[PDB]
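Residue numbers (the deposited numbering): 241 to 649.
Beta carbons: idealized from backbone N, C-alpha and C, even for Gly.
Remarks on the structure that follows.
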Ligand SMILES: *[C@@H]1O[C@H](CO)[C@@H](O)[C@H](O)[C@H]1NC(C)=O
Ligand SMILES: [Ca+2]
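Laid out in structure tokens, this is it:
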């Protein structure tokens, strides 16, 4: 394999790990965000500002036709297909809806309002993940309204958190996100756009963390934002038994670079607070917040993640790239090694404190330090991931370049 019929050349140089090939399958798209495959293996793409588009594939995974499945200018990121193949869920910043779906024609009908009231203008994506282990359940993310959204200390804020809803008991008129119907799976999660599940059905989420981090040292604010805090994954466990795991936001953050803490011995993965004073101290965080399972580099902006299939026991993560770092970093897809327990729970191979060097590049730009999150990007910016059912093809969207790629084994 070299390329797909009729497909454009890539907008930017693209490097993929030895053993794989990459090529565009689509270009000229409108802000492609979340992507998935339906039960016929068709590609569905949220083109933010246009709607959900559907694309039939050939034997090589290349596109043979394109249509508009949902004509809607508000759906902005989230998409998932129910395991039955006959229902889809997609969301605006404010509302999650379902549609009846016919994969034979890629046709969505009978829009139904599920969950309401979620809008904010700061973190406005509403990731959807339908549980495969419990197909009546679905999770929705609402990120913080601001860098440091103090009300998110409370679950009932409705932000920086993931709730799980029982579709099969959901009122047909739909319900507010903050309601008894939305069981809090995790809160204190600043912006957890990527959500997936392991073979045991545990929900794993990944986070975009704090901007412009500082640390108070001797009553003076020390800028530590270049290399802190870490981006990070949480294992939120069983969505049929939600218990409101607290991830530490808006007070507690995760160390990436210990050297920045000149008066406090830290290791990667430890908690820190910016002021380390009052109630919400480093020690308070250790007693009251649950640690992540793995780290990724500051500001790299994970937006999706997916486990490998078949023989592959890795985690794959789309890093959209930074804006709040110089030089910039991310703008890639990475691989995190892991393993499954006897009952199917995924964990990383590296200990948390050793995880800074555990991950590897899969798909990269020419030079991440030449990319930018301000002005022209000069780079593709990964958003969404999905594996083909055979585990042989990994699709990757890039919103700002209008592209979807195929990575082929
Ligand atoms: C998975 O199997 C393929 C052959 O089908 C092989 O080439 C590859 O080494 C295997 N990978 C792992 C991680 O065992
Ligand atoms: Ca950030």
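Using a Cβ-Cβ cutoff of less than 6 Å, which residues in the same chain neighbour residue i once the five nearest sequence positions on both sides are dropped?
{"i": "residue 206", "result": "Residue 206 lies beyond the residue range present for the chain, which begins at 241 and ends at 649; the question has no answer from this structure."}
{"i": "residue 323", "result": "372 and 375"}
{"i": "residue 450", "result": "469 and 493"}
{"i": "residue 243", "result": "263"}
{"i": "residue 363", "result": "383, 384 and 431"}
{"i": "residue 298", "result": "304"}
{"i": "residue 593", "result": "507, 508 and 509"}
Around the C-beta of residue i, are 16 or more other C-beta atoms found within 10 angstroms, so that it is buried, or is it exposed?
{"i": "residue 532", "result": "buried"}
{"i": "residue 339", "result": "buried"}
{"i": "residue 483", "result": "exposed"}
{"i": "residue 562", "result": "buried"}
{"i": "residue 293", "result": "buried"}
{"i": "residue 390", "result": "exposed"}
{"i": "residue 617", "result": "buried"}
{"i": "residue 498", "result": "buried"}
{"i": "residue 320", "result": "buried"}
{"i": "residue 278", "result": "buried"}
{"i": "residue 413", "result": "exposed"}
{"i": "residue 288", "result": "buried"}
{"i": "residue 518", "result": "exposed"}
{"i": "residue 503", "result": "exposed"}
{"i": "residue 505", "result": "exposed"}
{"i": "residue 246", "result": "exposed"}
{"i": "residue 472", "result": "buried"}
{"i": "residue 622", "result": "buried"}
Which residues in the same chain have their Cβ closer than 7 Å to the Cβ of residue i, if we skip the five residues on either side of it in sequence?
{"i": "residue 426", "result": "401, 402, 445, 474, 476, 485 and 487"}
{"i": "residue 428", "result": "392, 400, 486, 487, 488, 489 and 529"}
{"i": "residue 386", "result": "362"}
{"i": "residue 510", "result": "495"}
{"i": "residue 467", "result": "496, 497, 500 and 538"}
{"i": "residue 463", "result": "454"}
I'd like to know whether the C-beta atoms of residue i and residue j end up nearer to each other than 8 Å.
{"i": "residue 620", "j": "residue 641", "result": "yes"}
{"i": "residue 539", "j": "residue 507", "result": "no"}
{"i": "residue 637", "j": "residue 273", "result": "yes"}
{"i": "residue 258", "j": "residue 604", "result": "no"}
{"i": "residue 310", "j": "residue 336", "result": "no"}
{"i": "residue 573", "j": "residue 536", "result": "no"}
{"i": "residue 354", "j": "residue 328", "result": "no"}
{"i": "residue 313", "j": "residue 334", "result": "no"}
{"i": "residue 584", "j": "residue 555", "result": "no"}
{"i": "residue 270", "j": "residue 251", "result": "no"}
{"i": "residue 564", "j": "residue 452", "result": "yes"}
{"i": "residue 652", "j": "residue 602", "result": "The structure shown has nothing for residue 652, since the chain only spans 241 to 649."}
{"i": "residue 318", "j": "residue 343", "result": "no"}
{"i": "residue 368", "j": "residue 332", "result": "no"}
{"i": "residue 606", "j": "residue 253", "result": "yes"}
Can you name, in chain order, every residue of its own chain whose Cβ lies under 8 Å from the Cβ of residue i, other than the five neighbours on each side?
{"i": "residue 521", "result": "513"}
{"i": "residue 630", "result": "549 and 550"}
{"i": "residue 377", "result": "370, 371, 404, 405, 406, 407, 479 and 480"}
{"i": "residue 649", "result": "259, 260, 631, 632 and 633"}
{"i": "residue 410", "result": "354 and 421"}
{"i": "residue 581", "result": "440 and 587"}
{"i": "residue 241", "result": "261, 263, 300 and 648"}
{"i": "residue 388", "result": "450 and 490"}
{"i": "residue 678", "result": "Here the chain has residues from 241 to 649 only, and residue 678 is not among them."}
Determine the direct distance from the alpha carbon of residue j to that of residue i, and round the result to whole angstroms.
{"i": "residue 615", "j": "residue 501", "result": "32 Å"}
{"i": "residue 612", "j": "residue 560", "result": "10 Å"}
{"i": "residue 657", "j": "residue 275", "result": "What the structure shows of the chain is the stretch from 241 to 649, and residue 657 is not part of that stretch, so it cannot be assessed."}
{"i": "residue 439", "j": "residue 281", "result": "20 Å"}
{"i": "residue 417", "j": "residue 424", "result": "10 Å"}
{"i": "residue 644", "j": "residue 515", "result": "43 Å"}
{"i": "residue 285", "j": "residue 627", "result": "14 Å"}
{"i": "residue 552", "j": "residue 283", "result": "22 Å"}
{"i": "residue 597", "j": "residue 546", "result": "20 Å"}
{"i": "residue 268", "j": "residue 419", "result": "40 Å"}
{"i": "residue 542", "j": "residue 315", "result": "20 Å"}
{"i": "residue 398", "j": "residue 359", "result": "10 Å"}
{"i": "residue 365", "j": "residue 296", "result": "26 Å"}
{"i": "residue 589", "j": "residue 351", "result": "43 Å"}
{"i": "residue 442", "j": "residue 595", "result": "21 Å"}
{"i": "residue 379", "j": "residue 437", "result": "11 Å"}
{"i": "residue 306", "j": "residue 395", "result": "42 Å"}
{"i": "residue 591", "j": "residue 524", "result": "23 Å"}
{"i": "residue 609", "j": "residue 341", "result": "42 Å"}
{"i": "residue 302", "j": "residue 266", "result": "9 Å"}
What do you reckon, is the C-beta of residue i under 7 Å from a heavy atom of ligand 3?
{"i": "residue 312", "result": "With respect to ligand 3, the structure offers nothing, as its ligand set consists of ligand 1 and ligand 2."}
Where the beta carbon is closer than 7 Å to any heavy atom of ligand 2, which residues qualify, in chain order? 448, 449, 450, 451, 539, 541 and 564
Closer than 7 Å to ligand 1: residues, by C-beta to nearest heavy atom, in chain order: 550, 551 and 552
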